[PDB]
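This report refers to the structure that appears directly beneath it.
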Amino acid sequence: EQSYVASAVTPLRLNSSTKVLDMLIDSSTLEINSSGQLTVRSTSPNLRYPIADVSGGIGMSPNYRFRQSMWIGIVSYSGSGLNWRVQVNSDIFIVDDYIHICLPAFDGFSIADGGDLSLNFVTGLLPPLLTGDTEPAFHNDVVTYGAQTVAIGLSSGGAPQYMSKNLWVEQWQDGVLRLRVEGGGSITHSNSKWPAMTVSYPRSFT
Amino acid sequence: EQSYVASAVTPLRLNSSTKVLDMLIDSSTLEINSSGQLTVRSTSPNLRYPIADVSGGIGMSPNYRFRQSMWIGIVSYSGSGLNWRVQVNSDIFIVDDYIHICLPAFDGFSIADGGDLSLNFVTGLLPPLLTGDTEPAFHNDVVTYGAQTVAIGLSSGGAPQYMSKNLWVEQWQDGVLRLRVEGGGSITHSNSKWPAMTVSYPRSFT
Amino acid sequence: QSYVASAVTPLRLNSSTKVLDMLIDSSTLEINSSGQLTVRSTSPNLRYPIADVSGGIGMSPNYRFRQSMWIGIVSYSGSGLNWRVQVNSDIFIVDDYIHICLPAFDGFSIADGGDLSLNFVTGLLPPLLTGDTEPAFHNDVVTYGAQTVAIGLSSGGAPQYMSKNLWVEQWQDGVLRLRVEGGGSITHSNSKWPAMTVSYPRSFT
């Protein structure tokens, strides 16, 4: 005649024997209605935390924006001829890509001109928080991060003498955060009055 | 209503009478071009702050990343007997989920070994900012956040003597931010030289 | 022998060849290797820091954390006193903040009030550039990130630590100026500066 179908270009296909005309569709992205209509299979957007589904729209995960917990653990000082430890109760605040360990004021013993203050995160963290969550973005690299000046009260029983010492995040290894404390010179003493200190550093992600 | 030849499998359908061949399409998901082409319906994704439209593309609202304003208000000290206030002009910087109150150096009066420094945000905040914008993510919980060592000059008219005192964000209550100032020992004085100080803490979002 | 008069779009029957095909918008649809019509997977128009994190929409890890270092000159100037020291500091860009982790160093005399300038014109290692150190407040004079720092002043003997006030004052043409003042002073010729971390919101454009 002057009107019929000889060939059929994909996705269309005409079976040469039965002459049935059908269409090839990718079932993972398309489907056919109960009404026999061709439709697109609705799929939800693929989001990577911190990007998330907030109130139906695409937003920022509130967990990422603010998370709180606390650590009830052992803080230990180590220096030339010295080694002691104190139990401390500190709040933990994870805001964006930063972790903040809010240490309270505490009493310690003698300190050398240079020493290390170690926070043991292997134990003490309130679930669902874990040791791994305290890892810095720079992992276990030795750095001089967040250096700050801190005034510690040194005494031998009498009125304390406040020495200004330099403190910074030095390294995190196997769940133990090591802080370097040094400088300011030293006087003979047996006790120390440490001020409340907030230690912050970029937290490791993904 | 009508009848179609079994030869065209849905979504295709051959009208047995008119012998017109057409296709069934779910209009809510598919449409036909001006060029007669089958196309997918363009969907508009819902974005939730901080995720916003950045020049047609999907990005992070510049408002969330950085905002600047200022507070011209009253800073008041209170410490067992001693009580006084000073007017201060400070810049406010909201960067990501943090608020930064950049207090300038100011002169105050006597201070006790332990006391509170209150910033009154119910008044003095410059638009667009509102008192509510200063609420911490931990809203009114008593904490020991952002503890730091600060050197204050104490004097009685003569050359000042600088005492190292411990300062931290203690609590935010009904628009008033209370900072704890203590430790470091005291000396007899009538005036105090406070250094410029930046108070930072995670800002509330909902 | 099998009449088929007319094919409604997107279908189209060529009256000459009698070939039946379909019109599809290639920007939204495509045809499989298996000859199946499928939805064309395209990525949306994303703006940094929002990136295409392995298949989906995520936050670029580059925005969350980026490290580098500066090997440059730190120079002090105040009431006629001028001097410089070479310093090696780590630089950490986390979110919208830049952190210059300065190490402890030795300097010379300092006045009651002076400026400490970090020259970012040179010394920045990849992927950093001078422009990357610009604050969000550009070259506005501010009193940002004020903190108390203890510097050791000496004349050769045991140092005396004076508590001085320090803050980010201004960034200009690649040079970050820090104000150092207050706390009084004493006669000295040398200074022991402690390690200091300078942080401020980084510019984005």
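Residue numbers (my numbering), protein chains in the order written: chain A, 493 to 698; chain F, 493 to 698; chain S, -1 to 203. Ideal Cβ positions, reconstructed from N, Cα and C, are used throughout, including at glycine.
Annotation: Cβ neighbours of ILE543/F in chain A (cutoff 8 angstroms, chain order): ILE543, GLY549, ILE550, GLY551, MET552.
In this structure, DSSP gives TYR637/F an extended state, which the three-state scheme calls strand. The beta carbon of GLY676/F sits closer than 8 angstroms to some beta carbon of chain A. Remark: C-beta atoms of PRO192/S and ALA102/S approach each other more closely than 8 angstroms. Below the 7 angstroms Cβ cutoff, chain A contributes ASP589, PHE697 as neighbours of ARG62/S, in chain order. Distance from the CA atom of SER656/A to the CA atom of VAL567/A, rounded to whole angstroms, is 20 angstroms.
When secondary structure is reduced to three states using DSSP, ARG557/A falls in the helix class.
A residue is called buried once 16 or more other Cβ atoms fall within 10 Å of its Cβ, and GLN84/S, having fewer, is exposed. Rounded to whole angstroms, the gap between the alpha carbons of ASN60/S and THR195/S is 21 angstroms. In the DSSP assignment, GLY650/A falls outside any beta strand (DSSP E) and carries neither an H nor an E. When C-beta distances to chain S are compared with 7 angstroms, the residues of the stretch 582 to 614 of chain A below that value are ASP588, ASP589, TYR590, in chain order. For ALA109/S, no beta strand (DSSP E) encloses it, and the DSSP letter there is neither H nor E. Three or more Cβ pairs closer than 8 angstroms define a contact, and the stretch 606 to 626 of chain F falls short of that threshold against the stretch 18 to 28 of chain S.
Distances from the alpha-carbon of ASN658/F to those of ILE644/F, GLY667/F, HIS592/F, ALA498/F put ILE644/F closest. For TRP660/A, the closest Cβ of chain S is nearer than 8 angstroms. By the criterion of a C-beta distance shorter than 7 angstroms, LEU617/F is surrounded in its chain by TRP563, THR623, once the five residues flanking it on both sides are discounted.
Of all residues in the stretch 17 to 32 of chain S, only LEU18, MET20, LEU21, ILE22, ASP23, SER24, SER25, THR26, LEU27 place a beta-carbon less than 9 angstroms from a beta-carbon of chain F. Scanning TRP169/S, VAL51/S, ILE89/S for the CA closest to the CA of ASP113/S turns up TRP169/S.
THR502/A reaches chain S at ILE29, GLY33, counting residues in chain order whose Cβ is nearer than 7 angstroms.
Taking 8 angstroms as the CB threshold, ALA639/A stays off the interface with chain F. By the rule that beta-carbons nearer than 8 angstroms mark a contact, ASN538/A touches chain S. For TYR1/S, the neighbours in chain F by C-beta distance under 7 angstroms run, in chain order, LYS511. Beta bridge pairing from DSSP links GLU674/F with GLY606/F, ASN658/F. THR698/A carries a coil assignment under DSSP once its states are collapsed to helix, strand and coil. The count of Cβ pairs closer than 8 angstroms, one atom from the stretch 47 to 64 of chain S and one from the stretch 527 to 535 of chain A, stays below three, leaving the stretches out of contact. The CB of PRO199/S comes closer than 7 angstroms to the CB of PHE558, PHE585, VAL587 in chain F, given here in chain order.
The Cβ atoms of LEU176/S and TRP165/S sit closer than 8 angstroms to each other. Short of 7 angstroms from the beta carbon of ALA651/F, and not among the five residues preceding or following it, lies no beta carbon of its own chain.
Nearest in C-alpha terms to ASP94/S, of all of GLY111/S, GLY105/S, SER58/S, is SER58/S. Distance between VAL119/S and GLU132/S, taken at the CA atoms: about 11 angstroms. Within 9 angstroms of the CB of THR636/A, the CB atoms of chain S belong to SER87, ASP88, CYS99, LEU100, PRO101, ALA102, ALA193, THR195, in sequence order along the chain.
Within the DSSP bridge table, the entry for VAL546/F names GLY549/F as partners.
By a beta-carbon distance limit of 8 angstroms, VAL635/A contacts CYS99/S. Their separation comes to about 7 angstroms. For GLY624/A, the three-state secondary structure derived from DSSP is helix.
A direct Cα-to-Cα measurement between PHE630/A and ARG557/A gives close to 21 angstroms.
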